Amino acid sequence: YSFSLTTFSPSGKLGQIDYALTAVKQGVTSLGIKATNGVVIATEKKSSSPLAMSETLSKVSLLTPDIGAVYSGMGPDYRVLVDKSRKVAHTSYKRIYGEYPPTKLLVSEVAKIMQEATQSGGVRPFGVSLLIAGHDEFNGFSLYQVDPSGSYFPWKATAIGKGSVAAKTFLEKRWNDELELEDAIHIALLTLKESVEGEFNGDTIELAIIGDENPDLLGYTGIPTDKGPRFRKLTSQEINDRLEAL
Amino acid sequence: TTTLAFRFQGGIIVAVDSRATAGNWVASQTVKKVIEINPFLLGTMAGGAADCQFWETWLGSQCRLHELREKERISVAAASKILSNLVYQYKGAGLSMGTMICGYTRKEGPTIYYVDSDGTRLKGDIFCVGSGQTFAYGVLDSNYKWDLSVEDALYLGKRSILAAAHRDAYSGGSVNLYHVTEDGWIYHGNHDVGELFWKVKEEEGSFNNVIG
Amino acid sequence: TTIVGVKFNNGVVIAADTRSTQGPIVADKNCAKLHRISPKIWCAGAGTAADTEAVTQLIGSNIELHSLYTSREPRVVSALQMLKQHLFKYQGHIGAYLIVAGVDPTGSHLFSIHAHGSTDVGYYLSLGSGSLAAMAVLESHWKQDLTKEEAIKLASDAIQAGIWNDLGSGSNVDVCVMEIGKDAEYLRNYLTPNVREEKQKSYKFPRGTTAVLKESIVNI
Amino acid sequence: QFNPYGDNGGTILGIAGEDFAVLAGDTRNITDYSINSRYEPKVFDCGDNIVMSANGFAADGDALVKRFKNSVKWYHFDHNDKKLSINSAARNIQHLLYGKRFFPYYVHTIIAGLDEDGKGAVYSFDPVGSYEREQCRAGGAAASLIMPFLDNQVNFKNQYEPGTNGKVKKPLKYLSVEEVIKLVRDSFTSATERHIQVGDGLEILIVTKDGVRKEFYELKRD
Amino acid sequence: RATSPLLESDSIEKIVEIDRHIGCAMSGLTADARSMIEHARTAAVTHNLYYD
Amino acid sequence: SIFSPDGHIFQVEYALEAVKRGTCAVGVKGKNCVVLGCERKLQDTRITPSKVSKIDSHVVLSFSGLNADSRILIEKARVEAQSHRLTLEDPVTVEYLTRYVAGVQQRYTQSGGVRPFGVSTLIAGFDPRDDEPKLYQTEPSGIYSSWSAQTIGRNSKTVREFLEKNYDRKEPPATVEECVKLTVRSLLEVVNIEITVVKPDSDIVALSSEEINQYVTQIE
Amino acid sequence: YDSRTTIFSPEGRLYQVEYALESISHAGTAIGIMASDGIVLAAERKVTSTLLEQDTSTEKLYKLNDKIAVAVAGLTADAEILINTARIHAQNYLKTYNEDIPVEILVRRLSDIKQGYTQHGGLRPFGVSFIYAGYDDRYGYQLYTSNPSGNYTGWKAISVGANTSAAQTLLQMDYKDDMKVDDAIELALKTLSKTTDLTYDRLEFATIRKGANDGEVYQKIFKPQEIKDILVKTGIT
Amino acid sequence: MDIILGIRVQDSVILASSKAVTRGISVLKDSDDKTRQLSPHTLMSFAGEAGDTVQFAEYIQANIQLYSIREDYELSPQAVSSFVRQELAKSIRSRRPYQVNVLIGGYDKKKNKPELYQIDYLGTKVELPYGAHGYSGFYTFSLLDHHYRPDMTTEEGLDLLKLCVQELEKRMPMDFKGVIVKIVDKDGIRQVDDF
Amino acid sequence: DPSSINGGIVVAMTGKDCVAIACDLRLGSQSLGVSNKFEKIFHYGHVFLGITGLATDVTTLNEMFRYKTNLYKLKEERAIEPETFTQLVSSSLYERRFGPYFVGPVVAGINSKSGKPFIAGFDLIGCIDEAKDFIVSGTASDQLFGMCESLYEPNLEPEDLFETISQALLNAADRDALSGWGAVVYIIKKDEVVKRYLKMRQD
Ligand SMILES: CC(C)C[C@@H](C=O)NC(=O)[C@H](CC(C)C)NC(=O)[C@H](CC(C)C)NC(=O)OCc1ccccc1
Ligand SMILES: [Mg+2]
Ligand SMILES: [Mg+2]
Ligand SMILES: [Mg+2]
Ligand SMILES: [Mg+2]
Ligand SMILES: [Mg+2]
Ligand SMILES: [Mg+2]
């Protein structure tokens, strides 16, 4: 097994990457929306048993204080990418510059990780696509999709997984370049409501924003130059609040 | 030890003593300090006995292998460079070798390389090497001449090792003589200093520092 | 350098002087010796300044990864084990000497750690060249069940002892207060008892005082 | 500070005859001023009419003899029991020694046997592999006492024919095994008298076409 | 067995010296003889270095 | 899997199939020279890699087959040429260099996870201090041989038949101009043409399209 | 058996290399045109949605250093790997010699990396073709391509990706041996216009030319609106 | 110890290097050439540890020639000197450092200028109008500080070296057995037999 | 020790919307002065780095940092800032903790975004001197400390900063056998950089 398991077929296509995408297309819908003053990323929390506690799992993950991610496809592949992504942000960036990487470069590192699984001997590609929302001082807010191939594209808004065709369509109609974060959150909810079969509340929806710095989440005072984290995940309560007055 | 090689009109003379020592102990007076690598190539040994015997014998192996591989005798330059490259790999380990690599090919002509365990490799017309080198030099240099007859050259080489054997505590035994030409080396015998010294003192009227 | 640690009824206080010295020279007269391992875990260092800073960053980074991985608040004992194991592995050659203080879900903690990898625990501690002067104050004025304001005063008095009596120490007092149930409170230059007096004159030169051979614009 | 080397004293003696060789050693083994053993053999039959002694640091000596005997075993395996000739044994022992050039066996090696013309052979080695074939050689503790004596008695050095005004050397002559043993015995009784590290016993190995034989003689035990 | 008149048959080398007392002839896929010849020569010369 | 039942090596025989698909290459020995000729848009060709490469000042290599495979051999040969100068204090003979290159090829047919070179080569030039032109050919198998004139690649069977009846060992082309012409002729049988002339003691010169066009037109 | 990447077919063909080339022929088209005083790189974007963030990306053209750029066709993630080794190679050369790397030397090294994957190791080749645009003081302006075979050639004009034969024909038609960098731009846009299966949001564009202020060489990665304004002035508006 | 001198004049660089090779109380040779040509317009002279000097210089030469062949282009003096410097900087912190100091004379055919580089074994590099390694700089630097002009012909450079060598034969304690002088210019490298 | 074989000094100072950095020109080998033109100050974009110590390491670090910053600019698509470069220098130095470069680097520059003047110093293994009035380094660092603490005052105009850092360098150098032999001074503002060569004693 010291040979690639992803290889080219006569049509020039790479089967294992395509089949990886198929797995992604089969996953629960998730989406991202970029506003002028923030970005939102969202997904549904299908609990595969009512005896399961879905709060103990997290589909939306903080990567850096200013960068978060969500996914469609194979959950465990995602979990593992999250661990790798957090580490590479420290090992190839923060330990050298004393700064967290800007979004596009962190997206780029995760892309490398995924590209590698499509070429190295003895391994299948990752079966996930990630949406990654971040902010950095010189580029502002951004939003990227990474695919099992390691390809990444920047979006103003997009959806992935099962209900993505209708969701991308809904988003095409409602999106304009003057949404404020609150609009983007509202639109994300309306969008997720189509994809959602079954229950739809603050407990089956996961939602996070990259927005303003939160000094109250820093954990300490005294360094005034120290920026709060821009990433915040919305509580169950906060999500229901918006849902009632939808 | 005293060893010398020089180029002159009739080719190369090679001359060595045969004493080996440990501290002030004369361990032997019969040591062979020239190696016959092939019929056109000689090596001389000064410094560590083992270091010299071992590595020059090994050099002989590398030379033969070259011949099997390239279907030609190796050049003097390349043979001396094999030895030089090898010792340099060991630089600092504590090897102790002062050697001369001497011979003929048509390309180079009669050729002498000095090679030591420092990595020093030198082409030259005259070298004396060993604890007695300065004594050899003083005699050899004084009477050296490019147009020495072959006989006069053989004698001057012999007389120079003899001078070193007499004065250097660590040289002695006998003199081994070689002549090298375009047809390769030819051996000119082993000359015990025990009888050589007196013979030369008489014939020559030299060594007046000594009671006869 | 003078660093101390002082536990109180509801947390721990850490403090340091602000002088760093190239030999008998002061390089930085207002340096920062109070480092953050994590939001509520802070450490002060003496010994080799690069080692103290580097090892701080290494563990801080790892503590952060650990915390993200385990979805738990970092624990002071974790910083302790990671640091001592790292320092021990290096057999003393990383000359870091640290007082590490903090609060976490299990309570409030105070530890010291030496270059070879040994660690101590107590209610009050000192390290660095000025630690004997500071410890003399601690040994004279510590009592169980300090309030926050009393532990600040005591730690601040201890740093002062080193500032005044230890040539290795000087300038200002910095404190960090880590109280249970609250954000860590970092007080930079809590005390500044060593301001330079006004000089007798300005040494501004008349323009053109300095001889120039040639001049040119550089393009960035 | 660990010193990996020791000195176990002892002295050895090889003389070549026309159709025989002899390798002798004393049987005493020492440490500083103590006697470890009055009888610990150090001259060994290694097969193929090859006898060997590695004298000095006895731990290195034993190791070297062991490695060599093994070398013979494999020579035989590789070459259908072909006799290892003595010159071939010598070159091989050179390599064993020089293999450890940077951490040498602290010993003086002598081997004796017959050459391919059936003539007695002695070879002498320095601790790192330098060797020559010789007619006689003493090694070890009392070598500096015994060697000049052999120079004089085995090779007639400094003897002239009387009435010739010191112009005619006493001509070289092959000694018989009888005359050689006499010299060996006298060398050792002499060494025993003047060297504190020599005594107890004298073991002589005698090699001929018919094989290796052994004689033993007591030496003074003080 | 020159495969063409343009081949300089002098460079067809299917017999080689291993040592002064040993030579050899090869037949087959002859490029494979490279290693064998090399190894043989080294075996012969190494045996002489070690055993005289 | 490796050998067919009649004893061929599969991958090696397949390597020969690669050479056949390659562009035609030919070399011919004159009395005091050796010419190399190769065949070939909208491409820049002053910067594009040529089909003939200097190995050292006096030796060249050309090839037919998998183009990209040939760079590894060219590079390996150039390095060895310097190693040889460095250690023997003399440049390679053409024959030596050919052994080296062919030996590399043979090796790639006997290592695991490694494909044989899909190139055959022409190696030509003059030994140091010698004016007998030298010409060798190597194959993916690692076989090599000396030739008065030789061709490799597509339609080499055609070109070879041409040289067998137009090259006379008794009278090799007596001038560089004849030698070039015969080379150009040999190519026009199956042919944009490259020509490189090698004369003794490092006279290596590639003919421009111009001087080549002066040749081809006259022939026609 | 054509799954295995470093073994010959019975026709002496290398299948994985050939299939990698098939994949590339389905990628977004990239053109490169060399003028007397500059070079032009153009890439038509494979992916199109209206929600794609067209500005702030450039994902088919890449600066390798101050003097050399590439245009990509194939797996963009494959490309990034090799782009990164190249930038490193160029920096090592600068560090060793204190000179900028000659374009061909950077090209040969990447071509060698590609070649390696075809001869040993059992890993699939990279699914990318590159058009290299660069300047050095030895050869002036240069254009090269490389493909998964590990081959590379120099060009006066060239294309890779989809519809390559259609593009090559047009370029063979309207290429003057000594044009001007502003015309080569026009030609490039026309040729991408005649093969598009064409707006600014679907284009990436770059140039390398003498700064005219002065004597120096400049790499411009055109912004989206710049692409607009150059799309109208050449009558594709 | 070894004399190694360099003077860069208007149209050329000139290298002068002592002929003696001395071990203990023996001058072994009086005709030793302490240079290797790295390329047709680049020359390197060398001083330092026995063995290291030739081993280093030839290694560089081999590498430079390799580049010449691979690129069919001659690297600039500036590029070569930087490769030499880097090799020495790697050396000094390697398991066994070359103890070699070098001078590099080259004619930049593109810039049409002579350049002279002094690089020691640590990897310290500097370009200079004149340079020296060893104890010789203790006499030559001040002498040339007095006598050297920037406008000088090759012949004047030669006179300048006659002055230096005359002084070193006067004041240096060791008999360095004269020098070999080599001129590097637009036409390449040549040795001045009549020195 | 290695840090005093070649000799030389660097000093940097902040002023009002400006920074300045200066160095001598000497390269010697112990008592022998060798080069009269060995500058010790480099720049990567708008960030300046001065380096004292062992000349070979001075040169090595420069090349290492040009390499690192070039890659940074390519990947980040913007030039490195003085704050970020400072951390980069630190960690690069610390990476060689147990076999260090024998150097005393100094960073000066103006952040392109805040417009804020920035300086820093380092010990040979990367410890950062965060100080923001002045930083000194080299074989005359004592002298420099003395000169700076004396002559310096905050918020000097560039024209005045030029006189101050000049006199600090010149007078420190003349009390040091291993420093001097010429000097260069950079006055750095947002839109302009001026380099000047000072006239000084040549003994
Ligand atoms: C070819 C040589 C025989 C030339 C001759 C003089 O140059 N050399 C010698 O005579 C040198 C002495 C010299 C290095 C001062 N002697 C030697 O090399 C002798 C070998 C003879 C005694 C058989 N070996 C030696 O001195 O001791 C080696 C040693 C190594 C490790 C531990 C204990 C002892
Ligand atoms: Mg035998
Ligand atoms: Mg006794
Ligand atoms: Mg007794
Ligand atoms: Mg200092
Ligand atoms: Mg001074
Ligand atoms: Mg002075």
Side-chain angles (χ1 to χ4, degrees), chain B residues 1-3 16-35 43-57 94-100 116-117 129-133 164 168-173 176, chain D residues 4-5 7 48 50 56-57 60 72 75 79 82-92 94 97-98 100-110 113 115-116 121 123-132 134 137 139 143 147, chain E residues 47-48 50-52, chain H residues 142, chain I residues 7 26 28 31-33 36 173-174 176-181 200-203:
Chain B
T1 272
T2 310
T3 64
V16 305
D17 76 313
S18 68
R19 174 165 289 177
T21 66
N24 297 324
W25 167 255
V26 179
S28 160
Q29 303 245 55
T30 64
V31 169
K32 271 136 157 164
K33 302 191 177 162
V34 176
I35 180 179
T44 54
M45 308 191 316
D51 287 346
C52 286
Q53 275 203 344
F54 188 86
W55 286 119
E56 304 203 14
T57 302
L95 288 187
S96 179
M97 304 162 64
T99 69
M100 292 171 291
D116 69 25
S117 34
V129 178
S131 56
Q133 66 188 41
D168 175 21
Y170 302 103
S171 286
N176 284 302
Chain D
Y5 291 105
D7 177 21
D48 286 5
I50 297 166
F57 177 44
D60 273 352
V72 182
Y75 189 83
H79 308 301
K82 182 183 187 191
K83 205 192 195 181
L84 176 69
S85 68
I86 186 88
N87 71 295
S88 289
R91 174 64 57 81
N92 199 232
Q94 170 162 91
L97 293 165
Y98 202 86
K100 295 237 304 148
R101 165 66 175 79
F102 305 107
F103 186 9
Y105 300 105
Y106 187 50
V107 293
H108 183 164
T109 309
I110 312 180
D115 56 25
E116 289 302 87
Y123 288 85
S124 186
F125 299 77
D126 86 338
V128 278
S130 166
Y131 76 97
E132 69 174 311
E134 286 160 340
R137 172 64 62 181
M147 200 65 211
Chain E
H47 184 86
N48 182 262
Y50 292 170
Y51 291 96
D52 187 33
Chain H
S142 63
Chain I
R26 191 172 181 270
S31 80
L32 171 72
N36 293 81
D174 289 341
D176 180 15
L178 303 183
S179 299
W181 243 21
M200 69 175 279
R201 296 191 67 90
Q202 296 298 134
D203 60 354

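Keep in mind that the numbers below use all heavy atoms, side chains included, and drop hydrogens, waters and symmetry copies. Within every chain, numbering begins at 1; the chains are lettered A, B, ... in the order of the sequence lines, protein sequences first and strands thereafter. Read the numbers this way: they start at 1 and go in the same order the structure lists the ligands and their atoms.
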Heavy atoms of other groups near E:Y50 OH, more than 12 under 6.0 Å: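 Open.
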Residue D:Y98 excluded, over 12 heavy atoms near OH under 6.0 Å: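 Enclosed: over 12 neighbouring heavy atoms sit under 6.0 Å from OH of D:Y98.
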Please determine whether any non-hydrogen atom of [X] lies less than 4.0 Å from an atom of ligand 1.
X: B:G130; result: no
X: D:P127; result: yes
X: D:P104; result: yes

Pair D:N87-E:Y51, side-chain donor/acceptor within less than 3.5 Å: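 Judged by distance alone, the side chains do not pair up.
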Polar contact flag, side-chain donor to acceptor under 3.5 angstrom, B:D51-B:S96: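 Note: B:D51 and B:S96 side chains miss the donor-acceptor criterion.
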N or O contact, B:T1 vs ligand 1, cut-off under 3.5 Å: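 It does: an N or O of B:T1 is found under 3.5 Å from an N or O of ligand 1.
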Distance to 0.1 Å, residue and atom name: give those for the protein heavy atom nearest to [atom].
atom: atom 9 (C) of ligand 1; value: B:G47 O, 3.6 Å
atom: atom 23 (C) of ligand 1; value: D:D126 CB, 3.9 Å
atom: atom 10 (O) of ligand 1; value: B:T21 N, 2.9 Å

The Mg ion (ligand 2) to nearest N/O/S of D:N87 below 2.8 Å: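 Checking the Mg ion (ligand 2) against D:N87, no N, O or S atom falls under 2.8 Å.
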Contact check: D:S88 to the Mg ion (ligand 2), N/O/S below 2.8 Å: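 It does: D:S88 brings an N, O or S atom closer than 2.8 Å to the Mg ion (ligand 2).
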Worked check of side chain to side chain contact (heavy atoms under 4.5 Å, CB included) between D:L97 and D:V128: CA-CA 5 Å; D:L97 293 165; D:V128 278; 5.7 Å; no
Which segment of B:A27 sits under 4.0 Å of ligand 1 when only heavy atoms are counted: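 Side chain only.
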For the Mg ion (ligand 7), the closest N/O/S atom belonging to I:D203: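 Looking only at N, O and S atoms of I:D203, the one nearest the Mg ion (ligand 7) is named O.
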Any non-hydrogen protein atom less than 4.0 Å away from atom 1 (C) of ligand 1: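 Within 4.0 Å of atom 1 (C) of ligand 1, protein heavy atoms are found.
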Plane angle bin for D:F103 and D:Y5 - parallel if under 30°, tilted between 30 and 60°, otherwise perpendicular: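 Plane angle over 60°, so perpendicular.
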